[PDB]
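Encoded as structure tokens, the structure appears first; notes follow it.
All Cβ positions, even for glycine, are placed from backbone atoms using ideal geometry, and neighbour counts span all protein chains on display. Where a number appears in this text, it was derived from the coordinates with a stated rule and is not lab data.
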Amino acid sequence: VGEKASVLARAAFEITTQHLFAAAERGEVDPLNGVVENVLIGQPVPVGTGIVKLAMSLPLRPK
Amino acid sequence: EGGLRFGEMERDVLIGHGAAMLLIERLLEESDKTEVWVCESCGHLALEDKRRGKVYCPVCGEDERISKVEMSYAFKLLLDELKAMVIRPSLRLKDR
Amino acid sequence: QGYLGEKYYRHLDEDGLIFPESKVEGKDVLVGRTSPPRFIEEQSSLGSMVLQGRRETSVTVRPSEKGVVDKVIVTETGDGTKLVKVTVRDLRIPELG
Amino acid sequence: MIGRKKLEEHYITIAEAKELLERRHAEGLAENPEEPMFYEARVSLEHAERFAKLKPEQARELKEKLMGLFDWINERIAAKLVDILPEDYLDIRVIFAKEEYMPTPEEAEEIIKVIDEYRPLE
Amino acid sequence: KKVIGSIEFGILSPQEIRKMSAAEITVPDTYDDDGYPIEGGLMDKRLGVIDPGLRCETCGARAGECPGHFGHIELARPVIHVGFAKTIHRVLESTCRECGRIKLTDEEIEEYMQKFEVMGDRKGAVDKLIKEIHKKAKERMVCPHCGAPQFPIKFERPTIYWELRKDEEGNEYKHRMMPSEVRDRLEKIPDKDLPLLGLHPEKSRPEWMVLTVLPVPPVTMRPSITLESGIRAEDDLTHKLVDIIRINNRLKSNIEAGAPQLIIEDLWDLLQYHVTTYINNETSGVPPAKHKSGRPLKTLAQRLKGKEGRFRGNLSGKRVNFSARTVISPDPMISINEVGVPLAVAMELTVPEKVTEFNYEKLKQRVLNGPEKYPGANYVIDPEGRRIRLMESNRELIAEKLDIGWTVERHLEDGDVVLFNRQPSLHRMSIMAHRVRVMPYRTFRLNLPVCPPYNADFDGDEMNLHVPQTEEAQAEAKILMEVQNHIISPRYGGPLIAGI
Amino acid sequence: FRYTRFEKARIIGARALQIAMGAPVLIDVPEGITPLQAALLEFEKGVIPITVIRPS
Amino acid sequence: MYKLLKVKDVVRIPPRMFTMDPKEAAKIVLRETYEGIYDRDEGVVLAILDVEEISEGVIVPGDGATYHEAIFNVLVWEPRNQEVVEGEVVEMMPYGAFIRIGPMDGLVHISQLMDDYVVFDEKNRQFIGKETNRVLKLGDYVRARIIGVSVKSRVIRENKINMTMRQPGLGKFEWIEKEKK
Amino acid sequence: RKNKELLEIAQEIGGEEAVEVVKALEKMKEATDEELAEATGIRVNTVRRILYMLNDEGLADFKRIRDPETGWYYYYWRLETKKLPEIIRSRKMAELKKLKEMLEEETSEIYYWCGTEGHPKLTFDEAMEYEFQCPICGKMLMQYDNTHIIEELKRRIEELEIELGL
DNA sequence: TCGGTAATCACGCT
DNA sequence: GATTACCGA
Ligand SMILES: [Mg+2]
Ligand SMILES: [Zn+2]
Ligand SMILES: [Zn+2]
Ligand SMILES: [Zn+2]
Ligand SMILES: [Zn+2]
């Protein structure tokens, strides 16, 4: 957990944050793509059913 | 008159299945949802102003480039507790 | 201002005390309390300047129980005030669980 | 940016855009809301009714012709000359006073000789 | 309809706090008193509304949907921030004073520029690289550009700094460093030396670590709890901010008129002490600033953290809606993947149904019937969004033409997928989507072979169900989580739901 | 070309949400059915329009 | 001056008209998004011409409608800076005059009109010069130059354009021809 | 030379009195607040306040000595002067940033002006809202304004850069 | 070797 | 109050 991840992934583990959360305040970006972040911010997680990609054409006659 | 609370055990027993649609709908849709206006090039929140319409981010004063972002209310308060302390949380948002 | 509801006040007497042996259930009231103004000039919400009334606070049974009252106490405690004690019982046949 | 990208743009005179207004107004003719066009569209139709000075095709033919005479004349300069219809060196001065190139009286008169044609003469 | 791409952190400049803030606060006062609760300081000086009074910064903004706004404090003297202070010492002992350089030769600059991009991916490998630059600048006292002007050695623990300077011949007096003396040194660092430290020239300037302007948090983050009926318990953050302004106020008057020169430096340290508890109360070497009844104050670092803070307490584990919790009691007459549900819990939980074309004959009857008889509805919804509750005085005018597109909320019936839960949630399998059957009493019932997954027994335990609602999250529950898919277990292959 | 268990529970999920927002139904009628149960009957006869993308 | 655009954009087809042909069902969506809306980048978008090509549908988690990537043609009108324009005086005021140059309007104040002291006749609807007896009144075709454009919001109505006519060879068209002799 | 300009800054910050303090302080090079009061002849309270203001501008330092007997910490002030030509430039750098901006604004701004001895030089933003009349005096607004000064100020900037560049 | 300091210690419920 | 381990002479 203390090794490389998102900086929010290290926030909910090792409640230490003025050691750790203010350290990566200096020159640090944070993209995405954990499992603990997208649940924390409101996005679908990548594992499970958020991995499939759909596509569908559209004449769609009922018959 | 309050319900149950779903700890960190109960969040992880749904990720083990593979349910990602249920995990959104349970934790945020049946909870607090707030709609927030956010600037684009500063990253900070905008400020609405009734009686005079027009919304504008103070920091660098823009006019039209501004949108709406859909996020929980407890995450929006996490922005302010990092804002009272001198940390600045710049948001750099993305199209769908 | 701050009305809890209506037709929850069908058991009270004139002064605000339940005459005993009444089937209090749900969120029915027990003692009707009027509170004093609490900031008369902050709001002025288009009719509240003339109304000048009070902000309703009260006591009501916990919103899952039932039962009937047994005895109502009324006295004065040490300083000068007044405090009423009301107790409500229940029958509770042994069903499942 | 409108949408994702802008890839192509062209310059349209008022005589060219008159047909685009009437063909759009030809739809509606849909009759379920009766489709009345919005206010500023109906206002801009009246501006086409008063400045329709030329045929639609002869304005397109002249605008192609003026670009090939000089290299420093683009479509935007040619589309401006259709609305004004210059007659002499007076209008060539006032249009080209805020351009990147101010014409000489030799080269500007050669432009006038081309626009001696396509005149309504009425 | 956008989404969050990336969150980028940094430090607020004192310039940026002024543009963000709407008011300056100079009055240590809350209400004063019992009528017109408006002051010139810490409360609503166009700062944030928490009461049902509509007065805000010209923007209407009733107490529902009013975001608070930030204020600022013009601190008269500079003050060291607590959390950065461990890393300010790393900067000071690794810079050549009076000029602003890095105490390295151009050879090691040109070599260690190239090592940044080679190890340009992993975090742990570049964090070890920044110590050796700190190592080499420590063991030098002769700089290549100033002729060794008697570099002092810094000192720390916790906040007070010193220097080992010589005065007469070889003296070792410890001149205590002032925050005004520190911040003058930090502004002389050029922006190009910042990649050689762990800093960034646009997001983290080092001189912004010394707080010249302290921002004030909004009203909506510091609520006012009412005690009995009219007495208001002041919030712990509010109570310390009131006491900050009274130690500032005199200090402004103290240096503008008073001239004893001794209490000033004594007052100076009170400022430090008093904001240090406000950032993190439980630091070491600092007596905890108590509340005047016997409770220590939970300031910002304890509101963010503390085993019930705001990562596990409120953000990643939240309280939910549409649930219930009661006891369990067997019955071996229902199938393996059904569940009993009491009819009291069944009439206080609802799913949305969205009448399309072929259930229109059904949901006319579910909404005509009231919320009394068990096939019934509670809340109807128009496509605009104005819900119409059904309880009051008529349902006939809503049981008219129901106008395809609406969404009716009716009670649970025999067939709607629910979930179930045990709470100690040890392994993967103690939540499993069942198939509701409704029976009159007050207990959840449960088939006997499904009780080695839950690891339960029937001596008065408690199991909680919670209905899923939206039509994507409900057809996911039925296909992926029903009981019969979980007859064998992922720990050993052998069957788990079996005979007892 | 058999579907997995994660793709089968997403195709039903997207089709049950279209079938509530308009999108006229195939031969699925009888007598009263919640919008989730209409998607289950359509998937059995193999007349789903929605296809997956398999990144490879 | 009008322009013709060719722009791709992402189209959102709802599932109500899910059973129509993709061309005209995407045309009726994309037309009711950009007509009559002033952007700060290009200008007044008047009308959608036609739909050339369309892509496939893609479902996104949460909505259930489909997304497409179409190609369309847009007629815009851009009053850019230092542009020589033509208009019509359709309003008479004592402090200025609204000149309709198309879908938008242009106000010219009384002291950028001409090289003359200008007196407003209060009884009639006209301007009368001091020395010269030229009369500018209602309905007269003029020629001017843009000097200032005030762009504030997305609405056409609340944005106003400043013009001027203090140059040799502007104003009414018959004033220019009769001053040749 | 250069002594005067230092007094000028002190006059801006303190005044005539502060100028007296500096010259007296130069003579002994080290002094306490009390010792200065005897040298000047003006209350130690006023003298000490002057030193506080100069401290914020970075122009005096102090060292602390431990009195062996009573244990009283008394401060010795001194002047520091290895900071003169940097602070003189770095203040005028920011001022020339401010003087770049004024002429830039004016071009992109004020076109209208009221013809009174007060409230002139309004903007089209105001004017449009204000219906092209003044709300303070009611005079009719006028046109293209301050044409002489917007050229002349541009010539003022170039010398100062050259001067500070030296 | 050798002394020193923080930072950590189930689930739910009253 | 107990385990560690990282940090500091
Ligand atoms: Mg048990
Ligand atoms: Zn911004
Ligand atoms: Zn507000
Ligand atoms: Zn150096
Ligand atoms: Zn005036």
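Summary table below
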| item | result |
| --- | --- |
| The stretch E:345-366 residues that are more than 8 Å from every other protein chain (Cβ to nearest Cβ), paired with ones that are among the basic types (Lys, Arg) (beta carbon under 8 Å, 6 or more apart) | E:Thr350/E:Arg410; E:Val351/E:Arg410; E:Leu363/E:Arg410; E:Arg366/E:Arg410 |
| Set H:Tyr75, H:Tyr130: member being closer than 30 Å to H:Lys29 by Cβ and more than 16 Å from ligand 4 (Cβ to nearest atom) | H:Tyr75 |
| Evaluation of B:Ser67 against (1) at the interface with another protein chain (Cβ under 7 Å from one of its Cβ atoms); (2) within 28 Å of E:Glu476 (Cβ to Cβ); (3) among the polar types (S, T, N, Q) (one fails), failing number | (2) |
| Filtered residues of the stretch E:266-291 (kept if closer than 30 Å to H:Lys63 by Cβ, outside any loop (DSSP other than H, G, I, E, B) and either in contact with a strand residue (DSSP E or B) (Cβ under 9 Å, 6 or more places away or on another chain) or in contact (Cβ under 8 Å) with a residue 12 or more places away in the chain (or both)) | E:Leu267, E:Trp268, E:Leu270, E:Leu271, E:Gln272, E:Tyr273, E:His274, E:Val275, E:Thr276 |
| Filtered residue count, the stretch H:31-86, keeping only those that are part of a loop (DSSP other than H, G, I, E, B) and closer than 21 Å to E:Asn171 by Cβ | 7 |
| Cross-chain or 6+ apart pairs with Cβ under 8 Å, the stretch B:63-74 first and in contact (Cβ under 8 Å) with a residue 12 or more places away in the chain and exposed (fewer than 14 other Cβ atoms within 10 Å of the Cβ), then of a type in the set (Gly, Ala, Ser) and not in a strand (DSSP E or B) | B:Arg65/B:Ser41 |
| Filter result for E:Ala475 (within 14 Å of chain B (Cβ to nearest Cβ), over 26 Å from B:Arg5 (Cβ atoms) and either more than 16 Å from ligand 3 (Cβ to nearest atom) or assigned to a strand (DSSP E or B) (or both)) | yes |
| Residue tally, condition assigned to a loop (DSSP other than H, G, I, E, B) and farther than 23 Å from G:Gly169 by Cα, over the stretch D:58-73 | 5 |
| Residue list for the stretch D:22-46, restricted to those being in contact with a strand residue (DSSP E or B) (Cβ under 8 Å, 6 or more places away or on another chain) and either more than 9 Å from chain G (Cβ to nearest Cβ) or under 16 Å from G:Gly102 (Cα atoms) (or both) | D:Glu40, D:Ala41, D:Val43, D:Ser44 |
| Residue identified as more than 14 Å from chain H (Cβ to nearest Cβ), buried (at least 17 other Cβ atoms within 10 Å of the Cβ) and part of a loop (DSSP other than H, G, I, E, B) among E:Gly306, E:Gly317, E:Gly294 | E:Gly317 |
| Selection from the stretch G:77-96 of residues that are touching a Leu at 6+ places or on another chain (Cβ under 7 Å), surrounded by 19 or more Cβ atoms within 10 Å (Cβ to Cβ) and closer than 15 Å to G:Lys172 by Cβ | G:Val89 |
| Meets criteria (more than 14 Å from every other protein chain (Cβ to nearest Cβ) and away from ligand 5 (no atom under 16 Å from the Cβ)) for H:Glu109 | no |
| Residues satisfying the stated conditions in the stretch E:8-49, i.e. closer than 30 Å to B:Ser67 by Cβ and touching a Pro at 6+ places or on another chain (Cβ under 6 Å) | E:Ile17, E:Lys19, E:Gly48 |
| Residues (facing chain B (nearest Cβ under 10 Å) and under 30 Å from E:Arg205 (Cβ atoms)) located in the stretch A:31-63 | A:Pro31, A:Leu32, A:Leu40, A:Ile41 |
| Subset of the stretch E:449-495 [within 16 Å of DNA strand I (Cβ to nearest atom), of a type outside the set (S, T, N, Q) and in contact (Cβ under 8 Å) with a residue 40 or more places away in the chain] | E:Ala456, E:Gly460, E:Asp461, E:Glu462, E:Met463, E:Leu465, E:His466 |
| Matching option when the condition is assigned to a loop (DSSP other than H, G, I, E, B) and not small (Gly, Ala, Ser), among E:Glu168, E:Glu181 | E:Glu168 |
| Within the stretch G:116-160, considering residues that are exposed (fewer than 12 other Cβ atoms within 10 Å of the Cβ) and in contact (Cβ under 8 Å) with a residue 40 or more places away in the chain, the one nearest to D:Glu40 (Cα to Cα) | G:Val155 |
| Positions within the stretch C:50-84 being in a strand (DSSP E or B) and under 17 Å from C:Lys23 (Cα atoms), in sequence order | C:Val59, C:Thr60, C:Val68, C:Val69, C:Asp70, C:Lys71, C:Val72 |
| Strands (runs of 3 or more DSSP E) enclosed by the stretch G:77-181 - at least 3 residues per element that are touching a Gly at 6+ places or on another chain (Cβ under 8 Å) | G:84-89, G:96-100, G:105-109, G:141-150, G:160-164 |
| Cβ pairs under 7 Å, 6+ apart, first in the stretch E:226-247 and touching a residue at least 60 places away in the same chain (Cβ under 8 Å) and over 30 Å from C:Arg33 (Cβ atoms), second among the hydrophobic types (A, V, I, L, M, F, W, C) and assigned to a helix (DSSP H, G or I) | E:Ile244/E:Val275 |
| Qualifying positions in the stretch E:352-394 - surrounded by 12 or more Cβ atoms within 10 Å (Cβ to Cβ), within 42 Å of the chain's Cα centre (by Cα) and in a loop (DSSP other than H, G, I, E, B) | E:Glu353, E:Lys354, E:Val355, E:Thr356, E:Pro371, E:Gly376, E:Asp382, E:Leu390 |
| Positions within the stretch E:64-97 being surrounded by 15 or more Cβ atoms within 10 Å (Cβ to Cβ) and either within 16 Å of ligand 1 (Cβ to nearest atom) or more than 14 Å from chain B (Cβ to nearest Cβ) (or both), in sequence order | E:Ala76, E:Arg77, E:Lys86, E:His89, E:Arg90, E:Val91, E:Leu92, E:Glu93, E:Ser94, E:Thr95, E:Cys96, E:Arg97 |
| Subset tally (residues that are in contact with a helix residue (DSSP H, G or I) (Cβ under 8 Å, 6 or more places away or on another chain) and part of a helix (DSSP H, G or I)) for chain F | 17 |
| Test: H:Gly138 is exposed (fewer than 14 other Cβ atoms within 10 Å of the Cβ), in contact with a strand residue (DSSP E or B) (Cβ under 6 Å, 6 or more places away or on another chain) and of a type outside the set (A, V, I, L, M, F, W, C) | no |
| Test: residue in the stretch H:128-140 that is hydroxyl-bearing (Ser, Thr, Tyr) and farther than 27 Å from H:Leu96 by Cβ | yes |
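Table: residues versus (1) within 10 Å of chain D (Cβ to nearest Cβ); (2) under 30 Å from H:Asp125 (Cβ atoms).
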position	(1), (2)
G:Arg100	yes, yes
G:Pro103	yes, yes
G:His109	no, yes
G:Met114	no, yes
G:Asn133	no, no
G:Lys152	no, yes
G:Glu158	no, yes
G:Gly171	no, yes
